[PDB]
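Peer 1: Below are the structure tokens for one structure; questions will follow.
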Amino acid sequence: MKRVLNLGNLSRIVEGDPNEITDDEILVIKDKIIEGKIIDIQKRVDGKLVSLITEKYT
Amino acid sequence: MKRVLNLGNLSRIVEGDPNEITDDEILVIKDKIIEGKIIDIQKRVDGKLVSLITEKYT
Amino acid sequence: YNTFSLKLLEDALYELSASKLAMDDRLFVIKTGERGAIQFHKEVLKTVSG
């Protein structure tokens with residue numbers, strides 16, 4: 001057990017508009033219908049804002 | 001575009017044992033199949049680990 | 001020991017110290033090779049990392 005990233009790279013975990021998320025920062029999309037849950041973690045790669053969570057099916 | 005949470009609560013995002021993380025820590029799990037993905041993010045609710053990301057269905 | 005742990009070491013030394021030594025005279029000094037000092041360093045770092 002140890003920390004996952006230096007706090008410098010964790011201070012750039014933000015909550016905002018997908019259109020203003022550049023690199024050197026990760027995006028979190030909070031859920032509305034559910035209070036504490038999250039919807040997706042996102043990271044831009046080539047202008048597109050892709051997810052870091054692998055899709056899981058039945 | 002504020003940080004999703006403060007640093008005292010982001011500092012406690014860690015990587016490792018699911019058994020050793022307290023209620024104050026968020027657990028990350030790096031996907032082993034893919035090289036830069038995530039498979040789950042967990043924090044202790046009632047002594048049990050539960051995914052923060054909302055479950056998706058079709 | 002099979003695997004080294006600051007847990008195991010801290011317990012043994014304290015139990016010894018409680019039974020045998022005053023609070024003021026529990027300064028211990030271990031003798032090792034360079035590798036034991038490294039193994040110590042790694043474990044100490046693993047803890048503060050927790």
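In the structure tokens, the first chain shown is A, the next is B, and so on; residue numbers restart at 1 for each chain, and ligands run from 1 in the order shown.
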Please, which residues of chain A lie no more than 10 Å from chain C when the count uses only C-alpha atoms, and can they be set out as a ChimeraX atom specification?
Peer 2: /A:1-3
Peer 1: Using only C-alpha atoms, determine which residues lie at most 10 Å from residue 53 (chain B), disregarding the query and same-chain residues fewer than 5 positions distant; provide the list as a PDB file with C-alpha atoms, in the first residue's frame.
Peer 2:
ATOM      1  CA  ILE A  29     -17.756  13.746 -13.569  1.00  0.00           C
ATOM      2  CA  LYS A  30     -19.833  13.612 -10.397  1.00  0.00           C
ATOM      3  CA  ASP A  31     -23.238  11.940 -10.546  1.00  0.00           C
ATOM      4  CA  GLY A  36     -21.624  10.196  -3.753  1.00  0.00           C
ATOM      5  CA  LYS A  37     -21.187   8.007  -6.811  1.00  0.00           C
ATOM      6  CA  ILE A  38     -19.069   9.027  -9.796  1.00  0.00           C
ATOM      7  CA  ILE A  39     -19.857   8.674 -13.494  1.00  0.00           C
ATOM      8  CA  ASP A  40     -16.454   8.559 -15.180  1.00  0.00           C
ATOM      9  CA  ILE A  41     -12.775   9.431 -14.871  1.00  0.00           C
ATOM     10  CA  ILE A  53     -12.296   3.117 -16.519  1.00  0.00           C
TER      11      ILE A  53
ATOM     12  CA  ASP B  40     -12.123   0.131 -10.225  1.00  0.00           C
ATOM     13  CA  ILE B  41     -11.998   2.889  -7.616  1.00  0.00           C
ATOM     14  CA  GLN B  42     -13.094   1.906  -4.123  1.00  0.00           C
TER      15      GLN B  42
END
Peer 1: Using only C-alpha atoms, find the one residue out of A:18, A:44, A:8, A:54 that sits nearest to chain B.
Peer 2: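 Smallest separation from chain B among the options: A:54.
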Peer 1: Just the residues within 12 Å of residue 10 (chain A), please, counting only C-alpha atoms, with nothing from its chain fewer than 3 positions along; format it as a CSV table (one decimal) with N, CA, C and O atoms, in the first residue's frame.
Peer 2:
chain,number,residue,atom,x,y,z
A,3,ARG,N,0.9,5.6,-1.9
A,3,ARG,CA,0.1,6.6,-2.6
A,3,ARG,C,0.3,6.4,-4.1
A,3,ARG,O,1.3,5.8,-4.6
A,4,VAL,N,-0.7,6.7,-4.9
A,4,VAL,CA,-0.8,6.4,-6.3
A,4,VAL,C,0.0,7.4,-7.2
A,4,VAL,O,0.5,7.0,-8.2
A,5,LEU,N,0.0,8.6,-6.8
A,5,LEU,CA,0.7,9.7,-7.6
A,5,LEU,C,1.2,10.8,-6.7
A,5,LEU,O,0.6,11.0,-5.6
A,6,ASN,N,2.3,11.4,-7.1
A,6,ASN,CA,2.7,12.6,-6.4
A,6,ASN,C,1.6,13.6,-6.3
A,6,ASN,O,0.9,13.8,-7.3
A,7,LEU,N,1.5,14.3,-5.2
A,7,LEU,CA,0.4,15.2,-5.0
A,7,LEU,C,0.4,16.3,-6.1
A,7,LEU,O,-0.7,16.9,-6.4
A,13,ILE,N,-6.5,17.0,-10.3
A,13,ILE,CA,-7.7,16.2,-10.5
A,13,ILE,C,-8.8,17.2,-10.2
A,13,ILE,O,-9.0,17.6,-9.1
A,14,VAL,N,-9.6,17.5,-11.3
A,14,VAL,CA,-10.5,18.7,-11.2
A,14,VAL,C,-11.9,18.3,-11.6
A,14,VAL,O,-12.2,17.2,-11.9
A,24,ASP,N,-2.2,17.2,-18.4
A,24,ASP,CA,-1.6,17.5,-17.0
A,24,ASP,C,-2.8,17.8,-16.0
A,24,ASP,O,-2.6,18.6,-15.1
A,25,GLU,N,-3.9,17.1,-16.2
A,25,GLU,CA,-5.0,17.2,-15.3
A,25,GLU,C,-6.0,16.2,-15.6
A,25,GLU,O,-6.3,16.0,-16.8
A,26,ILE,N,-6.6,15.5,-14.6
A,26,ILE,CA,-7.6,14.5,-14.8
A,26,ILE,C,-9.0,15.1,-14.4
A,26,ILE,O,-9.1,16.0,-13.5
A,27,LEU,N,-10.0,14.6,-15.1
A,27,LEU,CA,-11.4,15.0,-14.9
A,27,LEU,C,-12.2,14.0,-14.2
A,27,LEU,O,-12.1,12.8,-14.4
A,28,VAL,N,-13.1,14.5,-13.3
A,28,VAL,CA,-14.1,13.6,-12.6
A,28,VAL,C,-15.5,14.2,-12.9
A,28,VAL,O,-15.7,15.4,-12.7
B,3,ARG,N,-10.7,21.8,-8.0
B,3,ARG,CA,-10.4,20.4,-7.6
B,3,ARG,C,-11.7,19.7,-7.1
B,3,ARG,O,-12.5,20.3,-6.4
B,4,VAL,N,-11.8,18.5,-7.5
B,4,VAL,CA,-13.0,17.7,-7.1
B,4,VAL,C,-13.0,17.6,-5.5
B,4,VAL,O,-14.1,17.6,-4.9
B,5,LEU,N,-11.9,17.5,-4.9
B,5,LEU,CA,-11.8,17.5,-3.5
B,5,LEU,C,-10.5,18.2,-3.0
B,5,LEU,O,-9.6,18.5,-3.9
B,6,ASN,N,-10.3,18.4,-1.7
B,6,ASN,CA,-9.1,19.0,-1.2
B,6,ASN,C,-8.0,18.0,-1.3
B,6,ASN,O,-8.2,16.8,-1.6
B,7,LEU,N,-6.8,18.5,-0.9
B,7,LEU,CA,-5.6,17.7,-1.0
B,7,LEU,C,-5.5,16.7,0.2
B,7,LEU,O,-5.0,15.6,0.0
B,8,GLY,N,-6.0,17.1,1.3
B,8,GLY,CA,-6.0,16.2,2.5
B,8,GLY,C,-6.8,14.9,2.2
B,8,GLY,O,-6.6,13.9,2.9
B,9,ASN,N,-7.8,15.0,1.3
B,9,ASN,CA,-8.6,13.9,0.9
B,9,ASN,C,-8.1,13.3,-0.4
B,9,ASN,O,-8.5,12.1,-0.7
B,10,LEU,N,-7.4,14.0,-1.2
B,10,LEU,CA,-6.7,13.4,-2.4
B,10,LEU,C,-5.4,12.7,-2.0
B,10,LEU,O,-5.0,11.7,-2.7
B,11,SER,N,-4.7,13.2,-1.0
B,11,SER,CA,-3.5,12.6,-0.5
B,11,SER,C,-3.7,11.1,-0.2
B,11,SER,O,-2.8,10.3,-0.4
B,12,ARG,N,-4.9,10.8,0.3
B,12,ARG,CA,-5.2,9.5,0.7
B,12,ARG,C,-5.7,8.6,-0.4
B,12,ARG,O,-6.4,7.5,-0.1
B,13,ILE,N,-5.5,8.9,-1.6
B,13,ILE,CA,-5.7,8.0,-2.8
B,13,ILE,C,-4.5,7.2,-2.9
B,13,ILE,O,-3.4,7.7,-3.2
B,14,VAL,N,-4.6,5.9,-2.7
B,14,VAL,CA,-3.5,5.0,-2.6
B,14,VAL,C,-3.6,3.8,-3.5
B,14,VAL,O,-4.7,3.6,-4.1
Peer 1: Taking only C-alpha atoms into account, name the residue in B:48, B:35, B:22, B:57 that is nearest to chain A.
Peer 2: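 That would be B:57, the residue with the smallest distance to chain A.
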Peer 1: State, in Å with one decimal place, the distance from CA of residue 23 (chain B) to CA of residue 45 (chain B).
Peer 2: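 So the answer is 7.1 Å.
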Peer 1: Taking 6 positions as the minimum chain separation for residues in the same chain, which residues sit within 8 Å of region 3-20 of chain C when counting only C-alpha atoms? Answer as number ranges by chain.
Peer 2: C: 26, 39-40, 43-44
Peer 1: Pull the helix (DSSP H, G or I) assignments for chain C out of DSSP run on the backbone, and list those residues as a count of residues only.
Peer 2: 33
Peer 1: Please identify the strand (DSSP E or B) residues within chain B (assignment by DSSP from backbone atoms) and present them as a PyMOL selection string.
Peer 2: chain B and resi 3+13-15+26-30+38-44+49-51+53
Peer 1: Write the residues you've just listed into a file as a CSV table (one decimal), in the first residue's frame, and include N, CA, C and O atoms for each of them.
Peer 2:
chain,number,residue,atom,x,y,z
B,3,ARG,N,-10.7,21.8,-8.0
B,3,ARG,CA,-10.4,20.4,-7.6
B,3,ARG,C,-11.7,19.7,-7.1
B,3,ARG,O,-12.5,20.3,-6.4
B,13,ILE,N,-5.5,8.9,-1.6
B,13,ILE,CA,-5.7,8.0,-2.8
B,13,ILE,C,-4.5,7.2,-2.9
B,13,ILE,O,-3.4,7.7,-3.2
B,14,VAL,N,-4.6,5.9,-2.7
B,14,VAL,CA,-3.5,5.0,-2.6
B,14,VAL,C,-3.6,3.8,-3.5
B,14,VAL,O,-4.7,3.6,-4.1
B,15,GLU,N,-2.6,3.0,-3.6
B,15,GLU,CA,-2.5,1.8,-4.5
B,15,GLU,C,-1.9,0.7,-3.7
B,15,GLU,O,-0.8,0.8,-3.2
B,26,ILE,N,-9.0,6.3,-0.4
B,26,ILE,CA,-9.6,5.9,-1.7
B,26,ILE,C,-8.6,4.9,-2.3
B,26,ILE,O,-7.4,5.2,-2.4
B,27,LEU,N,-9.1,3.8,-2.8
B,27,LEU,CA,-8.3,2.7,-3.4
B,27,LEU,C,-8.4,2.8,-4.9
B,27,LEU,O,-9.5,2.9,-5.5
B,28,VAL,N,-7.3,2.8,-5.6
B,28,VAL,CA,-7.2,2.7,-7.0
B,28,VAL,C,-6.7,1.3,-7.4
B,28,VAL,O,-6.0,0.6,-6.6
B,29,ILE,N,-7.1,0.8,-8.6
B,29,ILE,CA,-6.7,-0.5,-9.1
B,29,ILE,C,-6.3,-0.3,-10.6
B,29,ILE,O,-7.2,-0.2,-11.4
B,30,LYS,N,-5.0,-0.4,-10.8
B,30,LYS,CA,-4.5,-0.3,-12.2
B,30,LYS,C,-4.8,-1.6,-12.9
B,30,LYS,O,-4.5,-2.6,-12.5
B,38,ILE,N,-7.9,2.0,-15.8
B,38,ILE,CA,-8.3,1.7,-14.4
B,38,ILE,C,-9.4,0.7,-14.4
B,38,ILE,O,-10.2,0.7,-15.4
B,39,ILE,N,-9.5,-0.1,-13.4
B,39,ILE,CA,-10.5,-1.2,-13.4
B,39,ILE,C,-11.6,-0.9,-12.3
B,39,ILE,O,-12.7,-1.3,-12.5
B,40,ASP,N,-11.2,-0.2,-11.3
B,40,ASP,CA,-12.1,0.1,-10.2
B,40,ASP,C,-11.5,1.2,-9.3
B,40,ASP,O,-10.3,1.2,-9.1
B,41,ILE,N,-12.4,2.0,-8.7
B,41,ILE,CA,-12.0,2.9,-7.6
B,41,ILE,C,-12.9,2.6,-6.4
B,41,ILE,O,-14.1,2.6,-6.6
B,42,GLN,N,-12.3,2.4,-5.3
B,42,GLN,CA,-13.1,1.9,-4.1
B,42,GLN,C,-12.7,2.7,-2.9
B,42,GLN,O,-11.6,3.2,-2.7
B,43,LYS,N,-13.7,2.8,-2.0
B,43,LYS,CA,-13.5,3.3,-0.6
B,43,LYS,C,-14.5,2.6,0.3
B,43,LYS,O,-15.5,2.1,-0.1
B,44,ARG,N,-14.1,2.5,1.5
B,44,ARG,CA,-14.8,1.7,2.5
B,44,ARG,C,-16.1,2.4,2.9
B,44,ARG,O,-16.0,3.6,3.4
B,49,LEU,N,-15.8,-2.7,0.7
B,49,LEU,CA,-15.3,-1.9,-0.4
B,49,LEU,C,-16.4,-1.8,-1.5
B,49,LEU,O,-17.0,-2.9,-1.8
B,50,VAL,N,-16.7,-0.6,-2.0
B,50,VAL,CA,-17.7,-0.4,-3.0
B,50,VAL,C,-17.2,0.5,-4.0
B,50,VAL,O,-16.4,1.4,-3.7
B,51,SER,N,-17.6,0.3,-5.3
B,51,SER,CA,-17.1,1.1,-6.4
B,51,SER,C,-17.8,2.5,-6.3
B,51,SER,O,-19.0,2.6,-6.1
B,53,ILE,N,-17.7,4.5,-9.0
B,53,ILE,CA,-18.2,4.8,-10.3
B,53,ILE,C,-19.6,4.1,-10.4
B,53,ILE,O,-19.7,2.9,-10.0
Peer 1: Hey, which of A:47, A:55, A:21, A:16 ends up closest to chain B? Count only C-alpha atoms.
Peer 2: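 Comparing A:47, A:55, A:21, A:16 against chain B, the winner is A:16.
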